[PDB]
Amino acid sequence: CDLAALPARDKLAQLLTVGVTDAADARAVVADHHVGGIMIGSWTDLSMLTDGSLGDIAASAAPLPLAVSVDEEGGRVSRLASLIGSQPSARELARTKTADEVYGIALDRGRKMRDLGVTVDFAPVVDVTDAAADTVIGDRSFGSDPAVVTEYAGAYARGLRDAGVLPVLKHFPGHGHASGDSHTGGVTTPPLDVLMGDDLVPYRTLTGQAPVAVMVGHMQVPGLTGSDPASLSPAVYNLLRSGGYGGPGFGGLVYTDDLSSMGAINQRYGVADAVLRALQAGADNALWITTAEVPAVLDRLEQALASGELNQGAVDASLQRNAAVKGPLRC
């Protein structure tokens, strides 16, 4: 069989990653809708990772293998800690460990994630900040110095990668100096010309170390996105694809941050509209944290194809990128 010959709706479902509550929720969304990815979060019953159910669902996934993602950064964001042990925050690692030690920590934890069926970790954070530890980014950042972030997040990404986990650099083009918490409402970064010399620095080297993905956040960026969240602005994706951000143009997989529960998005757009806008803007993978909306979202995406709101080429390019980080088609 042939990737380009899949039914339109299954091509579209491959561009979605959705949070699941338990095995029954994951089993239904994968079999009924063929979503490309499921996400494990704080809302997830983790017994599915140890009782054989994730393995069973993943093995019957078709036409592409299932991607299984999680926020496993360490410190305050460590959804698998009960199973893989806790790790100090990114900031504490940078303060107490060498970069080689951080590589080893990420490698060890990556293998522990693989054992549980995880394929994608939404880490490392490459945001640069000096904010108080328990703020939106805060201690999730490896440091206030972009060169330190590059060294330490680079090591963390390399460890995950060597374990065979896809690392995802976040939150592009930089949440570290944003005006507030995008979970609760709209936020603004410093202008692009400021980001160019600071927040964007880590991406210049880290996006070229493959396999790697990037996640775009919901901040508004002056001089780039205007009043649009970055995840929903074509300018953001053009910046990443063209090399305009100061590094080589990035051709790999690009996720959005959570499109449903986060106020920066949901106060302006419902889930289906937000997913459409993201894929129009240039995301390869639209992420949100529930499965209920999937059939309505797929309905809206098919309509956008018909109306030309969404170009067939955008879908095909992103379908290829999603397939490129997975195993073979299942015919």
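The numbering used is simple: start at 1 and walk along the sequence shown.
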*asked:* Please compare 261-269 with 287-295 and say which has the higher mean C-alpha temperature factor in the record.
replied: 261-269
*Between 112-120 and 235-243 (mean CA B-factor, as deposited), the higher*: 235-243
*Can you pull the Cα B-factors for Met39, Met48, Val29, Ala304 from the entry and say which is highest?*
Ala304
*asked:* Highest recorded C-alpha temperature factor, please, choosing from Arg161, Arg79, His171, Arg95.
replied: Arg95
*If you rank every modelled residue in this chain by C-alpha B factor, which third holds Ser60: lowest, middle or highest?*
highest
_Relative C-alpha B-factor of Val68, binned into the chain's lowest, middle or highest third_ = lowest
*Assigned third (lowest, middle, highest) for the C-alpha B factor of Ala281*: highest
*Mind checking which third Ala210 falls in for C-alpha B-factor across the chain?*
highest
*asked:* Considering every modelled residue of the chain and its Cα B-factor in the PDB entry, is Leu16 in the lowest, middle or highest third?
replied: lowest
